[PDB]
């Protein structure tokens, strides 16, 4: 009995999740719901400006899409409760719309008949937050709604964990230079949420914006709670991002010690890089985070240290792969 998945919101994250889940074993995507006709969804899945064509068969059947010979039901109801996840017997729902990133709203899928919900973004203090390779253990399968956190959280968390475990962290400020995203406008225009800076043209500007990945780091690594705060700078790349962390450490450290600590911590989720890469090189990586040893810097002024550690991540593909990893692990327990 293979786990059944439905994807709510066939956006960048939802669509890439279908690509990765197809390769995954024990999981298949029974249905997708998005407020657009199925013809549009098929096109956007087949062709991709940043991630390349889907390496597989994609065809259109009436009210459905056939991916590699398997039909996937398509729905367009904006209200989650109305969706027939119960009639489909779906096990888990990927909440990728960005409008139901909270415990109560995610439960609407449970009312529709879905057993569990995983949110493709932060979901508040009431739901569990998981960065794979850091705190996947906390899941026991009993939770109805969990959150895979933000893309920046999946990039920062492994890097911050190593600094805390090996040297201890007093405090840190995080600056993430981030690719532009959907909430930004194509050209200067009114913004739905009221942000005067996302209202501005995404591809023309360095755009300051807030991010909570550092403050909310407490939900992933409790030992780091309250020690980090951060900001963001959105820049004209359609995908590909990096995370800088200026941190004060409890124990003194050398740039070689830090890089060696990260290399030991490398996993399927956390990569170690020594080449002189740039953002385009990170597009499509499956790591949730890619630590760049070249960017490590330790500065010592009068026996006082300030440390910069940097990790690349593809806000789209890196997060998606971490999302699928958390989805598989959550199925084993659930």
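C-alpha atoms forming the largest set that superposes within 1.5 Å between two forms make up the rigid core. Residue numbers count along the first chain shown, from 1.
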Practice task
Kindly name the stretch, out of 269-277 and 295-303, whose CA atoms are displaced more from this form in 4 other deposited structures of this protein after the core superposition?
Solution key: 295-303
Handout entry: 141-149 against 247-255 - segment lying farther from this form in 4 other deposited structures of this protein (CA RMS, rigid core fit)
Key = 247-255
Practice task
Could you settle it for me: does 125-133 or 241-249 have the higher average Cα B factor in the PDB entry?
Solution key: 125-133
Handout entry: 186-194 versus 138-146 - which carries the larger mean C-alpha B factor in the record
Key = 138-146
Completion exercise
From 62, 286, 292, 281, the top C-alpha temperature factor is at 62
Completion exercise
For 234, 200, 103, 263, the deposited C-alpha B-factor is largest at 103
Exercise for the section: Could you tell me which third, lowest, middle or highest, the C-alpha B-factor of residue 323 occupies within its chain? Expected result: lowest
Exercise for the section: Classify residue 302 as lowest, middle or highest third according to the C-alpha B-factor given in the PDB entry, relative to its own chain. Expected result: middle
Exercise for the section: Could you tell me which third, lowest, middle or highest, the C-alpha B-factor of residue 180 occupies within its chain? Expected result: lowest
Handout entry: Chain-wide C-alpha B factor ranking for residue 79, given as lowest, middle or highest third
Key = highest
Exercise for the section: Sorting the chain's modelled residues by C-alpha B-factor, tell me whether residue 16 ends up in the lowest, middle or highest third. Expected result: middle
